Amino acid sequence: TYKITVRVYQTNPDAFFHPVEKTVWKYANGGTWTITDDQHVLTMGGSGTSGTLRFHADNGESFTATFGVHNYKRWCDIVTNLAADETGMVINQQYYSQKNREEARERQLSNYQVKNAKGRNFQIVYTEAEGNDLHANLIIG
């Protein structure tokens, strides 16, 4: 089993985001998104799968944060330029079908940040980046 526990930090009062979708890809016997003490916990049956959280703000901004394990190491990716028909479940599957997304996954990043077109920053940093009990902060700018 691999677990990734995510703590969400919102740093900027000009917006407020909230989770609107939580998906789990089908490889490695799947897994679950659960909540313990205000943290989102992705539990997966083995290496090679992942799960996507999609966040939406009142003002229309949105992004996906995807977390998983590839070849026994954590990975993550943030997508901020979501097409009109790119829900979380669409994005999560693309990591196993679209080359650019497959490459983002296979980089096994333990830290990544990117901005949206409005200039807001989003960051995922794993503070426990090793082993089977992984911990990451999702930090919204």
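Quick note: we count residues from 1 along the sequence shown, nothing fancier.
Novice: So 56-64 or 28-36, which one's hotter by mean CA B-factor in the entry?
Specialist: Mean C-alpha B-factor is greater for 56-64.
Novice: Decide which of the stretches 113-121 and 18-26 has the higher mean C-alpha B-factor, going by the entry.
Specialist: Result of the comparison: 113-121.
Novice: Quiz for you: based on the deposited Cα B-factor, which of 69, 90, 42, 82 is highest?
Specialist: Answer for 69, 90, 42, 82: 82, with the highest C-alpha B-factor.
Novice: Lowest, middle or highest third of the chain for the C-alpha temperature factor of residue 48?
Specialist: According to the entry, residue 48 has a C-alpha B-factor in the chain's middle third.
Novice: If you rank the chain by CA B-factor, which third does residue 74 end up in: lowest, middle or highest?
Specialist: Lowest third of the chain for residue 74's C-alpha B-factor.
Novice: By the recorded C-alpha temperature factor, relative to the other modelled residues in its chain, which third is residue 137 in?
Specialist: For residue 137, whose C-alpha B-factor we compare with every modelled residue in the chain, the answer is the lowest third.
Novice: According to the PDB entry, is the CA B factor of residue 108 in the bottom, middle or top third of its chain, that is, lowest, middle or highest?
Specialist: Ranked within chain, residue 108 CA B lands in the lowest tercile.
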